[PDB]
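So the structure is just underneath, and the comments pick up after that.
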Amino acid sequence: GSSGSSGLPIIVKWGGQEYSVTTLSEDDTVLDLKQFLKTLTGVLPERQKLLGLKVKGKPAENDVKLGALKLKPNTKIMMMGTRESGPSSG
């Protein structure tokens, strides 16, 4: 290509869409990601469900370091949840 590595790229899969994240790094916390995932997709973080990286049952927390998890790069993970308040969208 042209460039190699630098930070920690992340990939998310929402329904039928893929989101890329290359702003935050290991330093940043899951929250940062979530917070950024709240604007990327448009769903609350507490609601946003991260499917891919689990932790002895439940997935990492927002008060947990993404680095500690030592996940893989360009790790295409999945997401679950809904946008807008209420069960019915429209």
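Ordered as shown in the structure tokens, chains take letters A, B, and onward, while each chain numbers its residues from 1 and ligands are numbered from 1 in the order shown.
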Residues of chain A in strand (DSSP E or B) according to DSSP, as a ChimeraX atom specification?
-> /A:10-14,17-21,29,49-51,54-55,58-59,65,75-80
Go ahead and write the selection's residues with N, CA and C atoms as an mmCIF file, in the first residue's frame.
data_model
loop_
_atom_site.group_PDB
_atom_site.id
_atom_site.type_symbol
_atom_site.label_atom_id
_atom_site.label_comp_id
_atom_site.auth_asym_id
_atom_site.auth_seq_id
_atom_site.Cartn_x
_atom_site.Cartn_y
_atom_site.Cartn_z
ATOM 1 N N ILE A 10 -10.249 0.186 14.592
ATOM 2 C CA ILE A 10 -11.346 -0.646 15.061
ATOM 3 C C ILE A 10 -12.470 -0.632 14.023
ATOM 4 N N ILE A 11 -13.184 -1.746 13.958
ATOM 5 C CA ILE A 11 -14.284 -1.876 13.018
ATOM 6 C C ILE A 11 -15.513 -2.421 13.749
ATOM 7 N N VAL A 12 -16.657 -1.828 13.440
ATOM 8 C CA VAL A 12 -17.905 -2.243 14.058
ATOM 9 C C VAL A 12 -18.923 -2.576 12.965
ATOM 10 N N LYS A 13 -19.820 -3.494 13.297
ATOM 11 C CA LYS A 13 -20.848 -3.910 12.358
ATOM 12 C C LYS A 13 -22.225 -3.689 12.986
ATOM 13 N N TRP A 14 -22.936 -2.709 12.448
ATOM 14 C CA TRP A 14 -24.263 -2.386 12.943
ATOM 15 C C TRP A 14 -25.278 -2.790 11.873
ATOM 16 N N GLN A 17 -24.221 -2.257 8.353
ATOM 17 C CA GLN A 17 -23.277 -1.173 8.130
ATOM 18 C C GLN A 17 -21.992 -1.417 8.923
ATOM 19 N N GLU A 18 -20.890 -0.941 8.363
ATOM 20 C CA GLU A 18 -19.596 -1.100 9.004
ATOM 21 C C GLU A 18 -19.010 0.268 9.362
ATOM 22 N N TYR A 19 -18.591 0.387 10.613
ATOM 23 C CA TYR A 19 -18.012 1.630 11.092
ATOM 24 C C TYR A 19 -16.534 1.447 11.445
ATOM 25 N N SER A 20 -15.731 2.405 11.010
ATOM 26 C CA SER A 20 -14.302 2.362 11.272
ATOM 27 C C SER A 20 -13.931 3.408 12.323
ATOM 28 N N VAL A 21 -12.985 3.036 13.174
ATOM 29 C CA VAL A 21 -12.532 3.929 14.226
ATOM 30 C C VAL A 21 -11.002 3.924 14.271
ATOM 31 N N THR A 29 -10.263 4.740 26.757
ATOM 32 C CA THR A 29 -11.050 3.710 27.411
ATOM 33 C C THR A 29 -12.252 3.325 26.545
ATOM 34 N N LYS A 49 -24.791 -2.263 22.262
ATOM 35 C CA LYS A 49 -24.326 -3.590 22.628
ATOM 36 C C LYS A 49 -23.173 -3.994 21.706
ATOM 37 N N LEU A 50 -22.039 -4.287 22.325
ATOM 38 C CA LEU A 50 -20.860 -4.686 21.575
ATOM 39 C C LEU A 50 -20.780 -6.213 21.536
ATOM 40 N N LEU A 51 -21.017 -6.756 20.350
ATOM 41 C CA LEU A 51 -20.975 -8.197 20.164
ATOM 42 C C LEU A 51 -19.684 -8.575 19.436
ATOM 43 N N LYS A 54 -16.187 -10.496 24.415
ATOM 44 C CA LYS A 54 -16.873 -10.767 25.667
ATOM 45 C C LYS A 54 -15.840 -10.956 26.779
ATOM 46 N N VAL A 55 -16.324 -10.890 28.011
ATOM 47 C CA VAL A 55 -15.457 -11.050 29.166
ATOM 48 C C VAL A 55 -16.160 -11.924 30.207
ATOM 49 N N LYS A 58 -20.175 -11.289 30.289
ATOM 50 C CA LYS A 58 -20.453 -9.938 29.836
ATOM 51 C C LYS A 58 -19.195 -9.354 29.188
ATOM 52 N N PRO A 59 -19.426 -8.465 28.183
ATOM 53 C CA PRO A 59 -18.326 -7.832 27.477
ATOM 54 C C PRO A 59 -17.675 -6.746 28.336
ATOM 55 N N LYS A 65 -10.068 -0.577 30.275
ATOM 56 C CA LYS A 65 -9.160 -0.144 29.227
ATOM 57 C C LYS A 65 -9.232 -1.128 28.057
ATOM 58 N N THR A 75 -10.180 -5.258 14.098
ATOM 59 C CA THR A 75 -11.097 -6.285 14.560
ATOM 60 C C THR A 75 -12.540 -5.904 14.223
ATOM 61 N N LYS A 76 -13.070 -6.564 13.204
ATOM 62 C CA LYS A 76 -14.433 -6.305 12.772
ATOM 63 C C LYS A 76 -15.409 -6.964 13.749
ATOM 64 N N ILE A 77 -15.901 -6.157 14.678
ATOM 65 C CA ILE A 77 -16.840 -6.648 15.674
ATOM 66 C C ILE A 77 -18.260 -6.250 15.269
ATOM 67 N N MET A 78 -19.226 -6.856 15.944
ATOM 68 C CA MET A 78 -20.623 -6.574 15.666
ATOM 69 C C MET A 78 -21.245 -5.729 16.780
ATOM 70 N N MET A 79 -22.351 -5.083 16.442
ATOM 71 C CA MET A 79 -23.049 -4.242 17.401
ATOM 72 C C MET A 79 -24.550 -4.540 17.399
ATOM 73 N N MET A 80 -25.176 -4.266 18.534
ATOM 74 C CA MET A 80 -26.602 -4.498 18.676
ATOM 75 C C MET A 80 -27.263 -3.377 19.482
#
Polymer residues at most 8 Å from residue 22 in chain A, only C-alpha atoms, same-chain spacing of 3 or more positions, as a PyMOL selection string = chain A and resi 7-10+25
A:53, A:86, A:4, A:38: which is nearest residue 66 in chain A, counting only C-alpha atoms?
-> A:53
Would you list the contacts of residue 44 in chain A as number ranges by chain, taking every protein, DNA or RNA residue within 10 Å and counting only C-alpha atoms, but skipping same-chain residues closer than 2 positions in sequence?
-> A: 34-35, 37-39, 41-42, 46-49, 81-84
For the residues selected in the previous step, produce a file with N, CA and C atoms as a compact mmCIF listing (two decimals), in the first residue's frame.
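Output file part-v3.txt is given in full below:
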# COMPACT_ATOMS: atom_id res chain seq x y z
N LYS A 34 -17.26 3.96 22.98
CA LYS A 34 -18.71 4.01 23.09
C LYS A 34 -19.19 5.42 22.76
N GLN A 35 -18.61 6.39 23.45
CA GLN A 35 -18.98 7.78 23.24
C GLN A 35 -18.91 8.13 21.75
N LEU A 37 -19.09 5.94 19.44
CA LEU A 37 -20.01 5.05 18.76
C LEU A 37 -21.43 5.60 18.89
N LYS A 38 -21.59 6.54 19.81
CA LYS A 38 -22.88 7.16 20.05
C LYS A 38 -23.16 8.18 18.94
N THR A 39 -22.08 8.72 18.40
CA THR A 39 -22.19 9.71 17.34
C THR A 39 -22.08 9.04 15.97
N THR A 41 -23.06 5.89 15.09
CA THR A 41 -24.35 5.29 14.76
C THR A 41 -25.49 6.25 15.14
N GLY A 42 -25.50 6.63 16.40
CA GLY A 42 -26.53 7.54 16.90
C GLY A 42 -27.37 6.87 17.98
N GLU A 46 -24.74 3.23 26.80
CA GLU A 46 -25.24 2.26 27.75
C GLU A 46 -26.15 1.25 27.05
N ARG A 47 -26.78 1.71 25.98
CA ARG A 47 -27.67 0.86 25.21
C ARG A 47 -26.89 0.06 24.18
N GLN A 48 -25.94 0.74 23.54
CA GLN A 48 -25.12 0.11 22.53
C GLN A 48 -24.57 -1.22 23.05
N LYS A 49 -24.79 -2.26 22.26
CA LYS A 49 -24.33 -3.59 22.63
C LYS A 49 -23.17 -3.99 21.71
N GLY A 81 -28.50 -3.09 19.12
CA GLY A 81 -29.25 -2.04 19.80
C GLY A 81 -30.23 -1.36 18.84
N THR A 82 -30.72 -0.20 19.27
CA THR A 82 -31.66 0.56 18.47
C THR A 82 -31.51 2.06 18.74
N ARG A 83 -31.98 2.85 17.79
CA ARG A 83 -31.90 4.30 17.92
C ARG A 83 -33.29 4.88 18.19
N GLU A 84 -33.30 6.10 18.71
CA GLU A 84 -34.55 6.77 19.01
C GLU A 84 -35.21 6.14 20.23
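Candidate residues A:26, A:2, A:15, A:40 were compared for distance to residue 72 in chain A, and the nearest is A:26, using only C-alpha atoms.
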Of the residues A:33, A:45, A:27, A:6, which is the one nearest to residue 73 in chain A, using only C-alpha atoms?
-> A:6
DSSP helix (DSSP H, G or I) residues within range 7-87 of chain A, listed as a ChimeraX atom specification | /A:30-40,66-69
Residues from last step as file, N, CA, C and O atoms, as a compact mmCIF listing (two decimals), in the first residue's frame:
# COMPACT_ATOMS: atom_id res chain seq x y z
N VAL A 30 -12.83 2.18 26.87
CA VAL A 30 -13.99 1.69 26.13
C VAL A 30 -15.01 2.82 25.99
O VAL A 30 -15.63 2.96 24.94
N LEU A 31 -15.15 3.58 27.06
CA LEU A 31 -16.09 4.69 27.06
C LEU A 31 -15.86 5.56 25.82
O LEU A 31 -16.79 5.81 25.05
N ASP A 32 -14.62 5.99 25.66
CA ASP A 32 -14.25 6.82 24.53
C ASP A 32 -14.85 6.22 23.25
O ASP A 32 -15.50 6.93 22.48
N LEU A 33 -14.61 4.93 23.07
CA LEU A 33 -15.13 4.24 21.90
C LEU A 33 -16.65 4.35 21.87
O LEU A 33 -17.23 4.78 20.87
N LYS A 34 -17.26 3.96 22.98
CA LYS A 34 -18.71 4.01 23.09
C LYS A 34 -19.19 5.42 22.76
O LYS A 34 -20.06 5.60 21.91
N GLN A 35 -18.61 6.39 23.45
CA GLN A 35 -18.98 7.78 23.24
C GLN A 35 -18.91 8.13 21.75
O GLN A 35 -19.79 8.82 21.23
N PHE A 36 -17.86 7.63 21.11
CA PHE A 36 -17.67 7.87 19.69
C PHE A 36 -18.64 7.04 18.85
O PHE A 36 -18.96 7.40 17.72
N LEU A 37 -19.09 5.94 19.44
CA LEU A 37 -20.01 5.05 18.76
C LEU A 37 -21.43 5.60 18.89
O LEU A 37 -22.34 5.18 18.17
N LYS A 38 -21.59 6.54 19.81
CA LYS A 38 -22.88 7.16 20.05
C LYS A 38 -23.16 8.18 18.94
O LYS A 38 -24.31 8.45 18.62
N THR A 39 -22.08 8.72 18.40
CA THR A 39 -22.19 9.71 17.34
C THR A 39 -22.08 9.04 15.97
O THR A 39 -22.69 9.49 15.00
N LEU A 40 -21.30 7.97 15.93
CA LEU A 40 -21.09 7.23 14.70
C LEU A 40 -22.44 6.67 14.22
O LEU A 40 -22.86 6.96 13.10
N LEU A 66 -9.32 -0.57 26.86
CA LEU A 66 -9.40 -1.38 25.66
C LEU A 66 -8.08 -2.13 25.47
O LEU A 66 -8.06 -3.23 24.92
N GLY A 67 -7.01 -1.51 25.94
CA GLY A 67 -5.69 -2.10 25.83
C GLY A 67 -5.58 -3.36 26.69
O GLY A 67 -5.08 -4.39 26.23
N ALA A 68 -6.06 -3.25 27.92
CA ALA A 68 -6.03 -4.37 28.84
C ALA A 68 -6.60 -5.61 28.15
O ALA A 68 -6.08 -6.71 28.33
N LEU A 69 -7.65 -5.39 27.38
CA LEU A 69 -8.29 -6.48 26.66
C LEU A 69 -7.33 -7.03 25.61
O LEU A 69 -7.39 -8.21 25.27
